[PDB]
Structures are given as C-alpha cells and as structure tokens.
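Data block below; observations after.
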Amino acid sequence: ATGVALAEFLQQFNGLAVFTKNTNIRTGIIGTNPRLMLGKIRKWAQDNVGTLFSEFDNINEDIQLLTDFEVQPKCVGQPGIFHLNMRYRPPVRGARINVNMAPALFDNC
Amino acid sequence: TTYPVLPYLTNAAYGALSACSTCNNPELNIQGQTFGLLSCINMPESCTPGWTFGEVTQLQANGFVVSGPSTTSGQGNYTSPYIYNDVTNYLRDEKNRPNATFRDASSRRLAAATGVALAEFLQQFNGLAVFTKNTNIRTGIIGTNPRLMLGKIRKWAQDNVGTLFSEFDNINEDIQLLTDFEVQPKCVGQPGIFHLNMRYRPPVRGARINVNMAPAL
Amino acid sequence: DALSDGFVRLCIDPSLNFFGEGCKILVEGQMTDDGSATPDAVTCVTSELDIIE
Amino acid sequence: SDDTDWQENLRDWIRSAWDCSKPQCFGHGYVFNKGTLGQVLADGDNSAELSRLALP
Amino acid sequence: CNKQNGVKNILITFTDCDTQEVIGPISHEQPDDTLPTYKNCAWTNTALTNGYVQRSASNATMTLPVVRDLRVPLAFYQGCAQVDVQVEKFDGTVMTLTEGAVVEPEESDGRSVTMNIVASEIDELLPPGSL
Amino acid sequence: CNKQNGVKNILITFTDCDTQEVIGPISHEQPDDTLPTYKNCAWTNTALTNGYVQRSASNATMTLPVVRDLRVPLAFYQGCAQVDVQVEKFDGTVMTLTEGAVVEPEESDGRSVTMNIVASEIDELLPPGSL
Amino acid sequence: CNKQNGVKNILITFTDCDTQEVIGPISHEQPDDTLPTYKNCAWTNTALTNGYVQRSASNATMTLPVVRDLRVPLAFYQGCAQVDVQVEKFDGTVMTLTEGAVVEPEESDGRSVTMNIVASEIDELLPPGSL
Amino acid sequence: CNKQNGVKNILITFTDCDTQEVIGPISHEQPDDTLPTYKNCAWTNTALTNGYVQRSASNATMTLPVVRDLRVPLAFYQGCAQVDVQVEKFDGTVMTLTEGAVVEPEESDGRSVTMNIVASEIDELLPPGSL
Amino acid sequence: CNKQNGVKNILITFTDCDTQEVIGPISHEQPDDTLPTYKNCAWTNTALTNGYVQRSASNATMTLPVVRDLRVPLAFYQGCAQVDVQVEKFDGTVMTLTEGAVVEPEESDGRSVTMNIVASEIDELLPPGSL
C-alpha cells in the first residue's frame, strides 16, 4: 500500500520543470528544485505517520533525494532522472512491560 | 500482432491528440495517464497485454511509441488505450552518432518554435545601417556594429531562459556572431551578411524517479 | 496496477544500504577447519548468519 | 494442494510479481502443510510470500 | 555562499474552491526586504505562578509578504482559495506548508500582498547536519 | 512599458439620490502617490484551532483617495450620492465597481477626499493571459 | 576591562518534549545591540493608600533576543521545547535559569527570535565581592 | 590598443508607452569627461552582526550622462519613454540594458541629461578571454 | 627599505553563489593613490556615561578600491559573488579575508570599483617581531 501511495503522490512531478545547478527558479516559472521536492516528500512521509509508517527514527537521514547527475559517474547522468531513497518502519503495536511487583509491610509515610 | 483495434484508428487518434493539445503549448509531452489518453479508442479488456515487458523496453530503446491499456481486468468491459514515451524515431544523427537530442517530439516542436522566435527577433537588423570597419558610430546616425548586435542577441538569449532555453553554461562561446568578411576567404565576402552560430539546450522536465524504499530491522 | 505509465519505478527491497560502507573494522582470529573461508585472506562479512559455515 | 513443488511454483510466481524489474502486481499466497512436527518444520523455508498453515 | 540571511525561493500553489483546479507551483518575489515569519509550536504557554505554566492550544502560523502575480486573480491571495506554500532561504532551510488558509485579508493596492496563513503544522528541513 | 505600478485612469459616475440624475463618468486624478486599495473576497476567515478556520461574511471593499472635481458638490463624495467607480492601472488591470456606497465620510478641506466604498462584488480584468 | 555593559555568553539547552532528548548547551549570539532583560522578584507590589502596598504573586521573567541556530528547529524557540538559559555579561554577572517555558511566541522571519521565558526563580552571580 | 579607459559608443532606443512608437537606435555623445556607472548585481547585501549579512532583492542600475539629441523631445529623456541603452567602451566591453526606466528625472538645461536608469538585469560582453 | 606605506599585492577569488564556480586568485591593481582601509576589531563600543561603555557585536569591514579585471564580469564586483581577498603591503603586513560579501555596492564607470566588504574576522600577519 505504501508503494502504491508514494507512486500516486509522486505523479505531480511528471512533466514539471526542474531546476538543478542553479536552484533559483525565476519569477513566474512553475519549476522546482531537488531541495523543495525533498521538503514536500518528507512532509508527505511524516503526514502518513500512523497510517502507513511508524513515528520515525531520524527523518533527516531516512529520506534522501539525489539527482541522477550525482549518482552515476561523470558524464553519464541524464537530465530529469532522480533517486529517492526512503527507509521506513510499519506502525508498531503493543509493548513489553516488565512488572516488578513487591509488597511493603513497613510504613514510613 | 494481436491488436484488436483497426490500426489506423488508434494512429489517427494519437496524431489528432498530439496536434490538438500541444499547438498553443509546444512543450508538454503527450504522455502519461492524464495527457496521453486516447479517450474514444476503446479496446476489450484482457490481461495478456500484447507486448511483453522485454519487448516493451526493447521498443522503448529503439525509438518506437508504445501503447497499453489504461486499466486491466479479467472479464471487464471496454478500456481505453494509453501511450507511453511520446518520442520520435531518432536513434542517431548523421554520421551515425548516439545523440539523443531529438529523442522526444516535444524537443522537435520546441526547436521549431525557437527557430521561428529567433527569426522574428532578428528582423530588426534589416536595413539597420551596419558598420564593420571603424566601429565608431558617428553622432546622430542609427547604425550598429558586430559587437553591439552580438550583445543584443546575447541578451535576447539570456532573458529567455526558463521558457525556451536552459541554464546556459558558457554563453561566452555558445553564441558567436561573425561578419561575412571573415568567414569567407579574402576578396569574397559581401557587405551586410552575417553568420550566427548558437547552441541551445531545451528545458529539462520530470522523468523516472527510482524509488528505493526498504524497511529496517 | 496504475503504475503502468512508466513515470515512477518502485524497487521495494528491504536489503538496501544508503550511507556507504563506513567505518571499516578488521577482526583477527583463529578458526576451525569446518569453515569455508580461505585462511590468510581478508574478507568481508555482512551478517551473523553465514559466519558459522 | 499439498505437493510442495506446486507450492514452490506458486511462490516463485508471487515472488516474481514482487520484483524490481517490471511494474509490480503485489500479491500473497495461502498454502498449508499437514504432518508431524518434523515433517512440517522440514516443509518450510524462508518463503516470505506464502503463509504456511501448520496442521497436525 | 552560506552566511546570508534572506529568502531565495517562494512557491505558492493555489486551489480554487468552486472548481477544485490546482494552479502552480508558481514562483514569487518579495515586495521589499522584509522576510516571512513563522511559528511552528502548537500550544502556547502562559505564565501562571512562581514557576508554572498554563498550556493553551493554537495554530502553526506563517506571515508571507509577497508580490502578486498578474496571471492569478487578486482574490486568491485574500482567502478565496486554498494555498500551499514553500519557502527556501539562503542558508538551506526549507519551510513547507500545505492546506493553508489566508486568515485575515487586507486592502492591497494590487501589487503587494501580505498573506497570514494558518495550518495544522509547518515542516522544517534544517540544512544538512542537525541535532 | 507594462512595468510600472501606478494608477492610470479613474472614472466615477455619480447618481443623485433624490433626482436619479446620472453624472459622468468623469475622470479623476490622485492627490498624492498613495494608490487605491482593494479587497474582493466576500467571506473573511478567522483562525480557530489546530488547523481550522471560522468563516464570516463581509463586503467587497475599496479605498479611493481622489481629488474633488470643482463641478460636483462635495457632498457627493461623502455618502449623499450613489457612485460607480472604475480604476485602470498601468499594467492593464481594470477594477470596476457599481452601486457603491460611501460608507465612512470624514472631514475634507475641499480638495482631497478619501472615499471608502463597499459593494457586493468587485470585478477584476487581469491583463491578457491568465490562469 | 570590566567596564563594558554588554553580553558575552549565551548558553541555551533544549529539552525535547516528546522524547526528553537533551540538546546543548549551545552557545548563541545577539542579532543587534539590544540586551536580554531580567526580573527576579517573585512578589510584585502595587500602591494602595497613604503609604502602604498590596503584594501580588508573579514569576521570574527574562526576555532574550537571540539568533536562531540553523541546526535546531525553529519551533524549539517558540514554546515547543523546554529551555535552560545562562547569560554571562562582560562585567562578570551570570544569570542562570532552568526549567523555563517560552510563554509568548511570535512570528519570526527565521533568523532572529525574541524568547519570553518565565521560571520560578532566576539566580544571579554578582562579580566577586558583594554586600 | 588596450589601456584606454573610456566610452566609444552609446546607443539609445526610445519607445513611448502612450503611443507605442519606437525611435532609434540613435547614437549619442558624452557632455563631459564623466563616464557612465553601472551596478549589475541584482541583490544588495547589508552589514549584519558577526560576519553575517542580509541578502535582499534590488535592481540593476546605471547612471548615464549624455548630450540630448535635438531630434528627440526632452521629455523622452526624463521618464516619459522606455529606453533601451547599449554602451561600449574602448577595451571591448559592451553593457546592454533593455526595458529601462528613468527613475528620478532632474532639471536639464536642454543639452546635457543624466539618466538614472533601472532595469531587471544588465548584460556584460567581456572581450575575448574570460574566467 | 621597509619605510614605505603602500600596497604591493591584491588577490581576489570570486566564487559565485548561484552556479558555485570559483575564479582566481587573480591579482589586481590600484586605480589611484588611495589605499584600502580595514577594521579588525569585530566589536564596536558606544559612548556611555561616566566612563563606562557599551560593548556590542559588529562586523569586520574592509574598503577596497581596485581596477576591474576585463576577464571577470562587473557583477562579481557589485555583490553577486563571494570574494576571498588578500592584500599585502610593502612593510610585510598581510591582511586576509574569506567569505566576504560586498555589503553596499555603488555605480561604477566600468573600470574602477570600490568594494565595501564585510566579514566575520580579518587575519593580520604582522612582519617578523611582535608584541
């Protein structure tokens, strides 16, 4: 379900203009850049906490959005391709309480 | 080989949609569930999907448009087709060289639009008295020289970033303006002829994302 | 499955490192003949399952 | 059915449906395994796509 | 190029109410040097006695001085449309906000707007390296 | 040009109350550099709690600083006549407003008036091309 | 020197609310020349009649204008985390405050925050020698 | 022969925005020995505390003293026409500016005019060999 | 002969903050007989009463008049690139400055540029023999 949900969420970047290497979308363009996409994706992720994912462990290094221009070797990347790495945990349930029951006959208020 | 629809039907539907959506907007690809949807071609549903995935990607690589069903289901009703990878049949350039510049047809529409726009811009230099030697426009006259024309062309190419070109890298040598008295050999050039060499890079868009989710211990 | 378009490509895989190898350690010790590792040769270890054999 | 090889073919199918190459059609399979304790523990594996049902 | 306090990017995504059409994310620009202001906590403390605190409930808020785009109706900046905002500063921090609501409109000459947006929570991206 | 924030034309049409005589549309001019300000959205929001909004009803408002015409009585600019206003800025936007009502008069020396006009809705023209 | 009215050191220790993770004590720096201001007396007087006084109860208050650290979320400076503050001036005085509570948040552009902190009591260090 | 700091060519093109007629590009001449000045960076920093700085938006400006052409009305040189300027120095540099706007006209005796032009961005040509 | 007040070397390294390309460290030349001036104490006092003084934080500034290099855009000198400056006088003193930012640019004629750089701290070299 999370695979399908992320795949439907990420459809808004299909055909969207992307600005890498300058990250200064001019006034009026409808573009974006990898940092803004990472922010939006990470907000989607911590928005589904409780329905698809657990709380988290460290959302700063759990969600990574890299561009193909910086994964492949030099002069091998293609424009438009991205790489989204996510590490999640399904919602946790129950606990492991350790009872330590002990009576006390003496009293000292 | 087992295509149910009469072929020219889906071909004409694709062509009409392509001439129909991108005419006032020569940038968007006819592609994906929302834009590249052939509404009134209807196929009967079946989960044996013609091309296998191996053949699908084989055709994707060798410059072929591929079409599939927008929704699969065993014994359902009629489902409309849907195209992938609105590209053209350009694998290589003259002298046989990879080069995927004219890969998608949007780059072709956009090259045409850029040519027309540059031609409409340069119409001002028709008659604009031009000085090639002595470079010093006297006072009052309405001349111009090669350097000032190059500057104006560079500024047109500069403030069009984002709508026709990309993040120019070495505009100092992506654009060159030469007089005819230099390109041509000695005693051959003609006054009032110029050579302009430009290298444009169409904008970039969204493509595959390659999600790699993985739960942890 | 509504993923047909080809815009997004899932790779659901629980065994995927993201943070490079990192912090290389080397453990030197004696082993028995039951193992299948060539003695006197540094190797990589990835889990605590295959160590027995 | 109870033929462990038919269950292995089904498992291979669901696994190849959970692949990284082609677009996925996620599924899950339900088989069973009847026998004594040792037979049932022997009929299992690391098959993450099936849910064996141990029956006495 | 770090050590510059200033806003670098502003993306605003409009959603009309009567037709549910999405517009954007359009970029935008500031009318002057004043930067947008934020508040992410949800509950607002209040002094009670010698050391204690009375905790109330509130919103995640944002104040956005922006220059109106000419292709978008003015009313979209004045509460007649849902907004989704994304502001990226020069130090790398990114504040994203979704399902906004322009909460107190005001007279605008037609060019500069000041949007007071309220939402459940605002997300912070915190340039690489964090505690 | 189309790169200049400023007002170009101001047309005001007066309707006498007790004779229904229509006067105008007379042009008009600004007394200083302050521009007329607008507000189109009828419903005005108000923050409630964690992310929600309480919606109130209001009017389409306009503030118009203008120079009194020496041919029109001063009382026409202070709530004793119905007004129809039409303002065209330099970038192409045109705001028309009909059946106004000067809602809050104030003392004026006889030259510069500041009319506060409320109407049911204000129409906006949005230079060619718009989303 | 010991003849310069100014702040030298500002240490702030953040305690996350829902994880009790302690962060700090990070140093901090002033955004402008305005200094943090203090008030230690818990009971506050009020004039009554010919010479007498009516005594009320209150908190030990501190006002701290600081520059946000780019490594700490903004919400930590707006009432979503417990704070421990320690300010050392140039003349030797040191004011420590623990188990604070940011009591009145306000919109901040993302760099300069003004924290209004209330605690049970503030401790003062008073350079060597004191009556 | 380089090392001859000075202006060799000036081209101005006037386009009125009340009639939309274009005049030029006419060459021009310097009235005295003062040279045009430029400012190309669209942002202006501002000295903040402890090495930081505030980066806000601004214009690319240009001060241009010229001799008024007797075939062009003086009002075209004082902000009733959009100017497109193009200056070229002796060392090859070419600064072109389009969509200009004379920002603050000043009294002119009828021959020399100092235009203070502002634009979104100025281009630079940088004679062969760069970076 | 060591008794010579004057500038011997000036090296400037330009790193744009939009494309992140580095250029330099290029030598430069003084345009006239003025000299670059510095201020190294990152704090500024302020006249208080009765001999005290107020010690607040500030910047380390540097005023640098240089001759624009024809291989470098003019906008790199008006606050659109981060500059790493290094000046060496005749008596041996070497003032180095990194991560500078041209705080308040001005019109330039195209040859001589006077940069007002601010930075966190400037280092001094103090020819052999100190204190």
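We did not get these values from a lab; they are worked out from the coordinates using the rules stated. Every residue, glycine as well, gets a Cβ built from its backbone with ideal geometry; the counts of neighbours run over all protein chains shown.
So the values come out like this:
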| read-out | value |
| --- | --- |
| Per-peptide average of other Cβ atoms within 10 Å, ordering G:18-30, A:43-55, C:40-52 highest first | A:43-55, G:18-30, C:40-52 |
| Cβ-placed point charges (K, R +1; D, E -1), dipole of the range H:81-129 about Cα centre in debye, nearest 20 | 140 debye |
| Mean-position separation - Cα centroids, the range F:27-82 and the range H:71-113, in angstrom | 39 Å |
| Beta bridges by DSSP in the protein assembly as shown, antiparallel share as percent, to the nearest 5 | 95 percent |
| Total formal charge among the other residues, if their Cβ is under 14 angstrom from that of I:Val7, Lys/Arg +1 and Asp/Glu -1 | -3 |
| Once the Cα gyration tensor of chain B is diagonalised, semi-axes √(5λ) in Å | 50, 19, 17 |
| Pairwise label distance in nanometres, D:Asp19 with I:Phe90, each label 7 Å out on the Cα-Cβ vector | 8.0 nm |
| Residue-count net charge about H:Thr96 - beta-carbon cut-off 13 Å; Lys, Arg +1, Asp, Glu -1 | -2 |
| Within 10 Å of each Cβ in H:18-27, the average number of Cβ atoms from other chains | 3 |
| Packing rank of H:42-50, B:167-175, where each peptide gets the mean count of other beta carbons within 10 Å, highest leading | H:42-50, B:167-175 |
| For H:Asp32, label point 7 Å along C-beta direction: distances to other copies, nm | 1.4, 3.4, 3.5, 3.9 |
| Net charge dipole size for the protein assembly as shown [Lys, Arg +1 and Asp, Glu -1 on Cβ; Debye, nearest 20] | 1920 debye |
| Where no second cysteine Cβ lies under 4.7 Å, the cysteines concerned in chain I | I:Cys1, I:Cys41 |
| Shielding by partners - mean other protein chain Cβ count within 10 Å, residues of A:34-44 | 6 |
| Derived scalar couplings ³J(HN,Hα) [the range G:120-131; Karplus, 6.51 cos²θ - 1.76 cosθ + 1.60; whole Hz; x for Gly, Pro] | 5, 7, 10, 9, 10, 9, 6, x, x, x, 6, 10 |
| Averaged over G:57-65, number of beta-carbon atoms from partner chains that fall within 10 Å | 2 |
| Over chain D, equivalent-ellipsoid semi-axes from the Cα gyration tensor in Å | 25, 9, 9 |
| Eligible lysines near B:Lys152 by straight Cα distance, threshold 27 Å, same-chain separation 8 or greater | A:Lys21, B:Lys133, F:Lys3, H:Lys3, H:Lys8, H:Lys39, H:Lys89 |
| Paramagnetic reach from F:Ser58 (point 7 Å along Cα→Cβ, amide N under 20 Å) across the range F:17-41 | F:35-41 |
| The range A:11-109 - Rg over Rh from alpha carbon coordinates, Kirkwood radius | 1.33 |
| Unit charges at the beta carbon, dipole of the protein assembly as shown: most positive-side option, A:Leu6, B:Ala214, B:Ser107 | B:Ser107 |
| P(r) of the range I:49-103 over all Cα-Cα pairs, binned every 10 Å from zero, in whole percent | 17, 40, 23, 14, 5, 1 |
| Only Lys, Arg (+1) and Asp, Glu (-1) charged, at Cβ; chain F dipole about Cα centre in debye | 460 debye |
| Estimated vicinal HN-Hα couplings, Hz - the range B:144-154 in sequence order (Karplus 6.51, -1.76, 1.60; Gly, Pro = x) | 6, 10, x, 5, 5, 5, 4, x, 5, 5, 4 |
| The range B:1-110 shape via C-alpha gyration tensor axes, a/c threshold 1.5 | oblate |
| For the range D:42-56, 3J(HN,Hα) per residue [Karplus equation, 6.51 cos²θ - 1.76 cosθ + 1.60, θ = phi - 60°, Hz, x = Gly/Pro] | 7, 6, x, 7, 8, 5, 7, 9, 10, 10, 4, 10, 6, 10, x |
| B:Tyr14, H:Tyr77, B:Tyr78 arranged by Cβ crowding within 10 Å, fewest neighbours leading | B:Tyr78, B:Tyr14, H:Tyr77 |
| The protein assembly as shown - Rg and Dmax from Cα coordinates, angstrom | 35.7, 120 |
| Rg and Dmax [Cα atoms of the range F:1-125; Å; Rg one decimal, Dmax integer] | 16.2, 56 |
| Positive-end residue of B:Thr163, B:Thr132, C:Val8, charge dipole of the protein assembly as shown with Cβ unit charges | B:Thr132 |
| Positive-pole candidate from F:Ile117, F:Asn40, F:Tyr77, dipole of chain F, charges at beta carbon | F:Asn40 |
